[PDB]
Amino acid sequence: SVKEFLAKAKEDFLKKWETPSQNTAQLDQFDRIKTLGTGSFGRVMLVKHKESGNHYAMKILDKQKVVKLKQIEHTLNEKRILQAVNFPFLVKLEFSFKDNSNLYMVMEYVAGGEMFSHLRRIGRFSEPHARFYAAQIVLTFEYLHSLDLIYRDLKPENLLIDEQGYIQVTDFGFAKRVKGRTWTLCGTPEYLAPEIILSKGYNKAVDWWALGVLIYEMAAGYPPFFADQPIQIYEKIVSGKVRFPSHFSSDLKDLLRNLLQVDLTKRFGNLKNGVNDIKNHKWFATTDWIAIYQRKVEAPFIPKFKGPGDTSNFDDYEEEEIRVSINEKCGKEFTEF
């Protein structure tokens, strides 16, 4: 049963959670090839591990920039959580270390690009395409929530597509292990549950709302609430009125009406039956959850590939020399990293 598999997953996580890996590599073991993306406080680069020839994605986080965004705890959470978890649909952290200037997280390289890019290009996904991705998120959250983790940043920009067309969830910058309620206003505006915007204190149910945004964006080709400025977006979410495209099936509208629910006594994922309220919904009737976990379902889309360290499924970014300062920066802030 899920219950029993989750049980043993918990025991696995807690061991690593309590006794975290630290300092398992160094910058000079890696050759740096290309930038694959950029964020608030750093970049992700394709790199090659010199002594194995294995390719990795290396996230470089500028410590000074981290400190000035007040993201120190958030960054310690990310690395602490990522070394401890293990599930098919989550990026794998192989190595981590730090120097005078930066933090580094070396993860398995995912060659197929971000969902975002394939979704913007083709426009929208078919409901079966969208459902194949949704299922994988449904399982990943059931995993994470079972370890008392909240993810807090679901969106196509964060879903990497592997060689087999399956998802890897990347960027745990806002993931947090919390049993009670939490308060940080963080995430991405289009994806914020109304209780976050309203500073009420909130819980894992914000992830189930974010799933509603994603299913909707995947199937409509745009999100349920958009405007040019964030403030405009928050007003639409707090009204909460959703219109569905004429092409949405009945089942999809109904699954969404229950995910994009302001009332928490009513939101799917959050009720007495928990995740089975979602998994047993009619929209998922065709889904075989076990074959999904096992990766035996045929992917509706296989990204195009051309070789080992190929980067054409990612955009091009301006390169920037990695400078490492001769003085140590923010030592005590990042001691445990």
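One-based numbering along the sequence shown.
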Determine, for stretches 146-154 and 231-239, which one has the higher mean CA B-factor as deposited. 231-239
With respect to the recorded C-alpha B factors, which stretch has the higher mean value, 270-278 or 66-74? 270-278
Tell me, please, which of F174, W208, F244, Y133 has the highest C-alpha B factor according to the deposited entry? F244
Hey, what third does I290 fall into on Cα B-factor, ranked over its chain? highest
Please place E217 in the lowest, middle or highest third of its chain according to the CA B-factor in the PDB entry. lowest
Taking the chain's C-alpha temperature factors as the reference, tell me which third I33 falls into: lowest, middle or highest. middle
Third of the chain, ranked by Cα B-factor, where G187 sits: lowest
Going by the entry, which third of its chain does the Cα temperature factor of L61 land in? lowest
